[PDB]
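One chain is shown next in structure tokens, namely the form deposited in one PDB entry.
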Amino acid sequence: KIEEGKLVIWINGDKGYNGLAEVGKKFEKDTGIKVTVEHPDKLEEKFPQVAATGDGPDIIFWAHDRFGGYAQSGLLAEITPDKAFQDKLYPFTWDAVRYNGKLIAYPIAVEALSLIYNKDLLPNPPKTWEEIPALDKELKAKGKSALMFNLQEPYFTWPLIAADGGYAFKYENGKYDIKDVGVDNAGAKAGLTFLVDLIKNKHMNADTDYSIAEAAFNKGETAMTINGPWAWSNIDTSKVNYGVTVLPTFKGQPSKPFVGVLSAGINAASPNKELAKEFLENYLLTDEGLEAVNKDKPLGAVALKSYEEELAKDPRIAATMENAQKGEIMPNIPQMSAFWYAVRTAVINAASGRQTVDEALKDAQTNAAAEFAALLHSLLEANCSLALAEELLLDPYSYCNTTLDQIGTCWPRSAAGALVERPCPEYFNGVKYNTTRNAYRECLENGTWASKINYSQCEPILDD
């Protein structure tokens, strides 16, 4: 239940949420409709939890990579702008919010990571990752360090892992191939091995997080950091004479960051869909709208043609685009959650020494590619064909033919008109279920299976 007659918006704490709230005061002044902008932590996780139920915010802001995942779960309303409004944003930002032909969010801006550096401590930043160790040794002797950045989020280490051949999902023949993950190839190993060595050799600390790295850089304690445009604002405020530049190379190869499009989706269950559409279309994605948010935290390259024209003239925005050109735009597929979770674990376990690189990236391999699920599926496929073999052997135009459905339940050859029941699945997509209860499917009088399967009785097994 969302309160009808208001707008509740969720956006991440590192973005210009105060700028956004002022745009909210513009709307309210004009229409009399209150706009509440909130920044809950774990935003990208807390959403599908609430939105699933029919609750949460009217609008959500996050990079497009997680939006496939919401659309599949059916939590995003289908946005409906016309030709005239789409001609005002760049076509490639529209690609990022298209899942299965449908636009599911408004693109706001393009984010890419850059190398930010202190010009006073380092007038000439390193062009290669490999010279950073020596550079840290010199800086240590002055009671500083070379490089601090967030080691807790795979987003910041990915550029280095991708550099020499690391990838998420293979892109072939139009589609992303969810069964071909490149998190365990020689390139990924080499990039991750390099990071882990910086830590063993005490050029970095495995605990270092977003706030540790930001504060150190803005106090002048470290020469370099890795971050995006939202961070520039805090550096302006600080003493620091900073430059924003292209990322270092690894094995002569450019670092390949994942490029995200900040996006505004609309909660499917909200009764305020049109109000939200009028706020995003007529208030936020205007120059006045975007400027208000940007003058709080920079957005990067915005999705609006009329405002980027100006913004493109900033050399910091040039650098953001240079790095963007060298990376990939993120896939928006639902398997992105699982990939990110997998790589987050690898980097942390590898960094802490809990696991070696080889061990770590293989687990991530198996997790990202859902190989346990793919193995179990092969077993169920085989079992289901056999049960059909057994029956045919023991043996007319009136049966429903055997199927294996998306959950792994084998529906046997059945009589027209039969209500069939089968044990709930023993395992499904990470979760175990009480198999003492059944699912139910009707074989219709016409010899075709009913389209819908009753899975209502299948309950998970959890704590105690």
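One rule holds for the numbers: they count along the sequence shown, beginning at 1.
Quick note: we don't show the form solved in complex with a partner chain, though the next part is all about it.
Q: Could you work out which of 137, 219, 354, 305 is the residue within 4.5 angstroms of the partner chain in the entry with it bound, going by heavy atoms?
A: Contact check passes for 354.
Q: Though only this chain appears here, would residue 62 touch the partner chain in the entry with it bound if you measure heavy atom gaps against 4.5 Å?
A: Because no heavy atom of residue 62 falls inside 4.5 Å of the partner chain in the entry with it bound, the answer is no.
Q: If we define contact as a non-hydrogen atom of the residue within 4.5 angstroms of the partner, is residue 430 a contact of the partner chain in the entry with it bound?
A: Residue 430 belongs to the contact set for the partner chain.
Q: Is it the case that residue 292, even though its partner is missing from this view, gets within 4.5 Å of the partner chain in the entry with it bound, heavy atoms only?
A: The answer is no: residue 292 has no heavy atom within 4.5 Å of the partner chain.
Q: Decide whether residue 460 counts as a contact residue for the partner chain in the entry with it bound under a heavy atom distance cut-off of 4.5 Å.
A: Because a heavy atom of residue 460 falls inside 4.5 Å of the partner chain in the entry with it bound, the answer is yes.
Q: Rigid parts turn against each other between this form and the one not shown - so which of 137, 155, 305, 367 is at the hinge?
A: Domain boundary, by the fit switch, is at 367.
Q: Over in the other structure, so in the entry with it bound, do residue 368 and residue 98 pull closer or drift farther apart at the C-alpha level? The difference is 3 angstroms or more.
A: Note: Cα gap between residue 368 and residue 98 widens in the entry with it bound.
Q: Kindly indicate if, in the entry with it bound, the C-alpha atoms of residue 54 and residue 450 are closer or farther apart than in the structure shown, bearing in mind the change is 3 Å or more.
A: Closer is correct, given that in the entry with it bound the C-alpha spacing of residue 54 to residue 450 is reduced by at least 3 Å.
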